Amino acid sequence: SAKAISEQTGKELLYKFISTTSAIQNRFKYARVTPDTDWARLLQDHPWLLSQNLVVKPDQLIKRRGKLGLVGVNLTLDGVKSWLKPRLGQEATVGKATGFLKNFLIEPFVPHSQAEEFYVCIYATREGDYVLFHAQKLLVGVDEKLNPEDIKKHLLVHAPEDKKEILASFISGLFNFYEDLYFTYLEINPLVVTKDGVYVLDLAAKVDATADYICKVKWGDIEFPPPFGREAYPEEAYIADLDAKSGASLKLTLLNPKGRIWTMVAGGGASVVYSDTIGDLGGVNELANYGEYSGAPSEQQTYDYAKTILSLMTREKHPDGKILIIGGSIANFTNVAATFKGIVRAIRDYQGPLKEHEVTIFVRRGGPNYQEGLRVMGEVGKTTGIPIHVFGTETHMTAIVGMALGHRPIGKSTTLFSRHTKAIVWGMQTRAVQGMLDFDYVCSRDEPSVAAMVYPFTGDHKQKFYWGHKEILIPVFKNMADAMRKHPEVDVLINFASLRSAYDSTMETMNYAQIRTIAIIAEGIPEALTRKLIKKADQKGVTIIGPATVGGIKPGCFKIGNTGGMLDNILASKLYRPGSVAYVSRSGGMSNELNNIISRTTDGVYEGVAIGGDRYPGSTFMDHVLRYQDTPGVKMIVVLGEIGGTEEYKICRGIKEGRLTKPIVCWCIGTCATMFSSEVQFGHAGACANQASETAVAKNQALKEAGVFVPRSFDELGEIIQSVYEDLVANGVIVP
C-alpha cells in the first residue's frame, strides 16, 4: 500500500537525498513542536528561530491549512508561542474528522512575490509518472528518464527564460528523488523560486511502503502517520512487525478502541465484506477495528495476531458486553485448523478477561481442514464457558453479522487454459503441485498439468508425486533455461517466488516466448516494479495473472497453484467439470466463495480468475470480461469489484459500445468506506479511493445504470446470480 508521510519527514528526505545543482534554501531549517517540546533545546538546536520571522502550521496530514486558518504567517518567535497557546492541545475539525492539534512545524518566513510561487506535483499511474507544473502535464513512461530538456519544452513553455534553468534542474532532481525513494505522490504547493533560489514551502507525499526492503537505508526509521481524526496505537505497530517477518499478510487498523464490535476475519476481501455488512446494519459507530490475516499464517503467527485483538477488546467494560466476529471466506490455502488452533490458544489464555467483559464469539469459516478448525473452536467454548456460535460453509459468509447485531446478546489471448495446459512451477511447492495433480486427476485429464519445476537453489533432481493412486516423477531444474528447452509444450508458468525475487524471475520467464501466461503469486511487490512487469508483458503479449493473488481456476482443465484448495472443496463446489458462469475478482479468498456460491445457484463455474489486490494488476477486470465475452462456452459473467480505481467503469463503456452483450452480474465491495469520519485503507494495497467516483457505492450505481445486474448488497449476490441463470435456462441459452 501507498502511505502518506508527514511534511517534515518528506522535507527531511528531500533535504538529505535530492541530487541537484540548484540552490535549495532553508534546508534543515525546521523545528517540530509538540506538547512535550523542550523549548530551550529547541532554540539551542534551531538558533535561526530567534533571528528571523517564522511560519507555524500543524503537520498532521491536514490539507488546505491556509483556507482553514491553521497557519500563523510572518510571526516572531514570541508571536509563534502565542499563536500556539490557544491551538496546541485543542480539538479541531476538518470536514468529517475531529482530532487534537498536537504536532506543529516551524519554518522561516519567505518573503516572495505572488508570481514567484509555482505548483509542482508528481504522482504515479499504471502507464508511468505524471509531472504537473503551473496547468502543464508531462508523462514519464515506465523505465524512461526525464530529460531536463523535456521539462523545458513541455512544462516551462509559459515560463520566463531566466527562471527556466533553475526550474528544470530542480524538477529533474525532484523527479529522480521521487523515483529513487519509491514515492507514488509528491506535491509542492507552493514552490517558491526567487533570486536567491528554491524554497519548499509545503510538501505532501506518499511512498510505496512495500519498497521498505529496497529503501531501508535512505528512509531510515520512517514514520507513516494516521489520517487526521484518528490516533496511532502500539498494537498496530506490533502487528505490522509480525507482517514484516512473515510471507503471510497481517494487518490491523484501530477505528474505535472502545467500540463493542470486534472482527478477526481472514482475507483482505472478506474482511471488507464483513465491514460492509456491519456498516449496513448501523454498527459503524461501534466497529472497533479493521484488519485481516491471509496467505496461510502459522499457528504461532495467528496466536500472536489473535491475542492482540483479545487484549485490545478487554481494556474496559461495555454495559451490553462485546461481540467478536471470527469470519472468512472458504479459504483456498490458509490452514483453518492450524490458524484456528492459534486463535483458540489465544482465547484460552484470555478466557478470564473474555468472560469478565461478556464477550460473545461468532465464527464462520471454510477451507483446508475447516472441520477440525470449527471443532476445536467449539471445544474451547465448552471448556471455557465462553459463548461461541460456530458455523460452516452451509452458512452464508456474512450471516453471523446479522446474528451478532440484530440484538445485543442477553487485446491478448482469449483462451489461457485447457485440458492440455502444461505449466512450469517456479519455487519449491510440492503441496501446491500435488493439489493441482489431484484436481487434474478428478477432472479426468490425460496427463498432469505440471510438466516441470524450477528452483535455482537446489540442483537438478526428480520429485515424487501421486497421479491418482499411482506415483510419478516430475523433473526439477536449477536453471530455467534447461526447463524451457526440454519442455516447449509448456505455455504457463506459476511463479511462487518471494516478493524479493519475484521481479527478476518473472522478467526472466518473459525471455521465453513459449510461455504465454504467467501467474505471479507473491504479495508485496513494489508497484513500480510491477509496472515494469506490465510493460514487458504488454510488449511480449504475455498474459499476467497477479501479483498478490492465489491465481484462478478453470474447472475440468487447470487450476493455478493453491486455488480451489483440497479435493473436498473441488468436489463440493463441482469444480471438476465446467459450467456456464465465468467470474473475475480481486480477492483470492472471495473467489473461492464465488466458486461455492456459483456452484449452488448455476450449472457451475466455467472459468474463474483472481486478478489480485495490488494497485496495478497484470491483467484487469476488463481484460478477463472481454475474454469471457469472446468465449462461447461462457453465458454469464460475475464481477466482484472493489473500491479504488476506475476499472469497473470500463465495463460500463463496453456495454454502451456493444462490445459486451452477455449478462453481467457485478458487486463492488467497500461500501462502508464512506461511512467513516477518517479515511481507512483496506487489506489490498489498491483498495484506496481518492475521488467520489472510485467509491464502491458510486461504481455500483454506475454499473446498475448501464445494464449490469447489481444486487443491493453482497448478501443478495447469490440471489441475483441464480436469477440471471434461470432466465438463461428458460430462454434456452443454457442447457445443463
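Numbering starts at 1 and runs along the sequence shown.
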Chain break class for residue 410 to residue 411, judged by how many deposited residues have no coordinates: 10 or more
For the step residue 134 to residue 135, what size class fits the number of deposited residues with no coordinates, none, 1 to 3, 4 to 9, or 10 or more? 10 or more
Comparing mean C-alpha B factor in the record for 99 to 107 and 509 to 517, the higher one is 99 to 107
The stretch whose C-alpha atoms carry the larger average B-factor in the entry, 690 to 698 or 703 to 711, is 690 to 698
The residue of 330, 214, 550, 115 with the maximal C-alpha B-factor according to the PDB record is 115
Highest CA temperature factor in the entry: which of 183, 224, 290, 457? 457
What third of the chain does residue 623 rank in for C-alpha temperature factor, lowest, middle or highest? lowest
How does residue 76 rank on Cα B-factor within its chain, lowest, middle or highest third? highest
Can you tell me whether residue 446 has a C-alpha B-factor in the lowest, middle or highest third compared with the other modelled residues of the same chain? highest
Would you mind checking where the Cα B-factor of residue 9 ranks among the modelled residues of its chain, as the lowest, middle or highest third? lowest
State the tercile, meaning the lowest, middle or highest third, of residue 31 with respect to the CA B-factors recorded for its chain. middle
